[PDB]
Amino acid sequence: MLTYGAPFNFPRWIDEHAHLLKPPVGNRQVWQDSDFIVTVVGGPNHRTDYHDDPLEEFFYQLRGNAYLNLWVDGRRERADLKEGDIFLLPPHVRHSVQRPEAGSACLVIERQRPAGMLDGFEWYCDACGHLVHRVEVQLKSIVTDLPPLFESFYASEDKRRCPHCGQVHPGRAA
C-alpha cells in the first residue's frame, strides 16, 4: 500500500525526462491519481492566458529562471522565480507563468479540485487592460481540458475582441 511507489532520486528523474520538459510537451506530472498534483515544468514556454486557481500553488524553481505576470491590488506585476526560489501563491491570484529558458525545471504542487470548485483562464487587453475573455473549467486532467480551451480562444476573433476598446487580442503570442 505504497500506492505511489518508493522514494527515488529527483535530480535523475528530471534528467531522464529532459525530452519531455521542452516543447511541445513542456511539463510532466510525477504521480498519477493522487490528491497532491506534483509537476515538474521545463521550458521554453511563453503564454498570454492568466490562471485563476481556486486553491494555492507551490513553486520551487530547481533549475534556471522563470517569472509570473500577476494582477495584484489592481495593477500588473511581475514576480521572479530566480533559481532556488520558492513561492506560495494564494488562491484566486491571477497569474501567467513565463518560462523563457530551455533546460529549466520548476517543481509545482497543487491539489485536486473538488466537484464544483472551478478553475478560470482569462486574457486581458494589452491596450486598455480590460478583461477580454474568461472560461471556467472543472479541471480534471490538464492534458485534455486545457489545450482545446486555448485553441478555441486563438481561433475566435470574437473571443479576442476587447469589450471595452475593440482591440482584438493577438491570441497565442503577445
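For every residue, the number given is its place in the sequence shown, counted from 1.
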Mean B factor on CA atoms, stretches 141 to 149 and 44 to 52, record says higher is 141 to 149
Mean Cα B-factor check, 102 to 110 vs 124 to 132, entry values; winner is 124 to 132
From the entry's CA B-factor values, the highest among 66, 115, 38, 62 is 115
By the entry's values, the third containing the CA B factor of residue 97 is the middle
Residue 89: C-alpha B-factor third of its chain, per the entry, is the lowest
Chain-relative C-alpha B factor for residue 80 (record values, thirds): the middle
In terms of its chain's C-alpha B-factors, the third that includes residue 168 is the middle
